[PDB]
């Protein structure tokens, strides 16, 4: 029985072009739904003003580093439709409670953190009591919202390399002291959360999962996997965002196979193998697939052949699906076809599709049925735990979910 997991972004329903809700989830084809994102009462100076305000409102009258719902409008308030379960809230959470009733073998996890809300973890990790407050309160939160089956951590990342912790800027770079501190803090955190969840099981007789997202390359080395892995159920390997419009280096964002034409030798396979070498058991690792793409404009010295290890562009694409340089799968399918000047290409060696617009010199790296099938078969061959996607709304018709399910469970 393999993991087939989908992240559900809490904000996507509000896009009138693809107003994706819990009711749109192909729950019969998934083993896990991961709700993104919750946080804690701590600093979010690096996030939008909107998130900072929401956090501040939720933080009021709570102890520092209490686990919180951030977008409570989405989670609890918005009426997405009547349900059969007897819960006093609406929002996505009522829909999730209904979904759990209708699909009782499905696991539903909240995810804490993500790119823009990882910042507070760094403050939290400086104090044992802060970690203990987060752990206790996160489990209290799922105890209240009892359709959840555990907790997913998305701290990007212990040892830095995240939004507010770039190592290449002296202003944000973590000291070596801070990196060692955070390495030990992550082990403590998962040990403490696992014991808290164990206490919940003493009370409810239900099993709960504790899982984490895992960054690639140096982003995985910041955790002591040999010490931490016993406490963790699954490791969601973020084998995407290898490249994107934040940099000029152009190519595959989520290619299965590293090749000689990979920028810096990158590929999912090499990164998953590295994770195994660091001590994550293969059967716990879940390979990451994308229902999005990333793109560039002003791609240089390229005419639609195979991408190479030195391929650059003037800049990230100054357009996207609701944010520049970021494209949802559905948008690519509907609006970036041959008739719009974009030629479909497939790098068979890398197992990755890409679009090339010769007239606009636009290169888009993405993921499709072919590459997802390749990833799922590779996952089976590598004795991995399964496959996951960021994120479900990219595939409104559930066509890519169908491939994950069919290929991962065959």
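Residue numbers count along the first chain shown, from 1.
- Higher mean CA B-factor, judged across 298-306 and 285-293 from the recorded values: 298-306.
- Higher mean CA temperature factor between 44-52 and 338-346: 44-52, per the PDB entry.
- Across the options 77, 198, 154, 132, the residue with the most elevated CA B-factor in the record is 77.
- In this entry, the residue among 216, 124, 174, 190 with the greatest C-alpha B factor is 174.
- Per the PDB record, residue ranking by Cα B-factor puts residue 183 in the middle third of the chain.
- Among all modelled residues in this chain, the alpha-carbon of residue 107 has a temperature factor (C-alpha) in the middle third.
- Sorting the modelled residues of the chain by their CA temperature factor places residue 83 in the highest third.
- Looking at the C-alpha B-factors along this chain, the one for residue 73 belongs to the highest third.
- When the CA B factors of the chain's modelled residues are split into thirds, the value for residue 271 lands in the lowest one.
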